[PDB]
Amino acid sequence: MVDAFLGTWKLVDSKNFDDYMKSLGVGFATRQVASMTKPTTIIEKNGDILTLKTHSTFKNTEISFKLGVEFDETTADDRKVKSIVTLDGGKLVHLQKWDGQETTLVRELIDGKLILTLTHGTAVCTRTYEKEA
């Protein structure tokens, strides 16, 4: 069900990431470096356990989860959140909840590109990843 998402992906476009980071309370110096960072995201599965790695010259993260089962997560900006990842309308939807706040990280495939939409508050960021050659 998630197999077309699997693989190694590189950032090739970013829109409104500063807005998204600022909405989360990320400090200006982190936003500055993040605005010039191009992560590599690796998505692997082993049965219904997915592992999602995000690698860069600045921050690295890794999460493992079962679809539809809540997991604890500590985000790149050090939020301690309750997370769940599901398939919804063919999109990989990651919902994080903490302190009554909600953010979604939604991935979809459009013409072979992986489009990551990040929403928190009113901020909507769209980042595009391409499959490694």
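Residues carry their position along the shown sequence, with the first being 1.
Chemist: Could you settle it for me: does 81-89 or 66-74 have the higher average Cα B factor in the PDB entry?
Modeler: It is 66-74 that shows the higher mean C-alpha B-factor.
Chemist: So, looking at the entry's B-factor column for Cα atoms, which has the higher mean, 1-9 or 124-132?
Modeler: According to the PDB entry, the answer is 1-9.
Chemist: Considering only modelled residues of the same chain, in which third does the CA B-factor of residue 31 rank: lowest, middle or highest?
Modeler: Ranked within chain, residue 31 CA B lands in the middle tercile.
Chemist: Thinking about Cα B factors across the chain, which third does residue 46 belong to?
Modeler: Answer is highest: the recorded C-alpha B-factor places it there.
Chemist: Test of reading the entry: by CA B factor among the chain's modelled residues, which third contains residue 110?
Modeler: Highest third - that is where residue 110 ends up once the chain's C-alpha B-factors are sorted.
Chemist: Lowest, middle or highest third of the chain for the C-alpha temperature factor of residue 59?
Modeler: Ranked within chain, residue 59 CA B lands in the highest tercile.
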